[PDB]
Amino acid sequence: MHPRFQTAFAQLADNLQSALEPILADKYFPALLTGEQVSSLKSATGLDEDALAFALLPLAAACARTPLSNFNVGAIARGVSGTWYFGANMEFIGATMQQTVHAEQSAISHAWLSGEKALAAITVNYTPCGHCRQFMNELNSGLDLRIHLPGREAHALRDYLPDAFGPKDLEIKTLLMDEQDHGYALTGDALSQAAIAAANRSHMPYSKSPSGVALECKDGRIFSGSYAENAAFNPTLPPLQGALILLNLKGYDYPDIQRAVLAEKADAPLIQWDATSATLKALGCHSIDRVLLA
């Protein structure tokens, strides 16, 4: 078991620990649960989904990286597919506040990047900040998304975001998690191609600047991230962040990072290049390349 979970695990109910023991066994437990797994857990404990989800929060929170806040936040996105994805906040020393990732954004991207077509709900161990409520309203699930918090009745997003601002406000018809393929040809080595394919799924109706980032680990494993714009602009998820989310959730660490590539247009109104490099260097990765879309 991945040391991160150690303590959390020790804190679970016996019947839960038992059901989990085998799953968390693998150090590379992918911070996610399939329907089947979920079902199994429900049988072993008497928990319902909602209560189960809350019960797991602490494992999700155990994946947090909070050098600054020391405030660990865990979230669980529930796929319409039945799969449940963990998510946790990340803070990067040597960068800026704008590079931070919220437990909520983590889980949702985890899901999205993983191929999830839509979410049904999200559970968080702490009420969501406004930035995250806004982020959520970009999804194809809209204001209907249900949100579960400890010691609270559940609610739809619309409740947490009254008189909401969103894509419609900008006359945008395609939502995040909707299907997209920008059609760029894949080229170069593996890393580049991963980066480009990531750009191909990017959500960028506002600026129209597709981008993607792919990271290669020491063991040759690869994590890639897609750009996701947001109607309110700022809460947009940069492509780098996507990759780092996967990387951390999947059990790796910064130092495991070998080289990275960023793909984007050269003539785009917005440019990820600087922020990607800077942050990566901050994390200690020095090999970064950029590939130009067309």
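Residue numbers run from 1 along the displayed sequence.
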Mean Cα B-factor check, 124 to 132 vs 181 to 189, entry values; winner is 181 to 189
The stretch carrying the higher mean Cα B factor in the deposited entry, 171 to 179 or 83 to 91, is 171 to 179
In this crystal structure's PDB entry, the residue among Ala232, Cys63, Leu244, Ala266 with the greatest CA B factor is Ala266
Reading the B-factor column for Cα atoms of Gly166, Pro205, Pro162, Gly151, the highest value belongs to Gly151
Entry-reported C-alpha B-factor of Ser18 relative to its chain, by third, is highest
Tertile call for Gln11 (CA temperature factor, within chain, third-based) is the highest
Among the modelled residues of its chain, the C-alpha B-factor of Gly225 falls in the third labelled middle
Entry-reported C-alpha B-factor of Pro255 relative to its chain, by third, is highest
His102: CA temperature factor from the record, placed by chain third, in the lowest
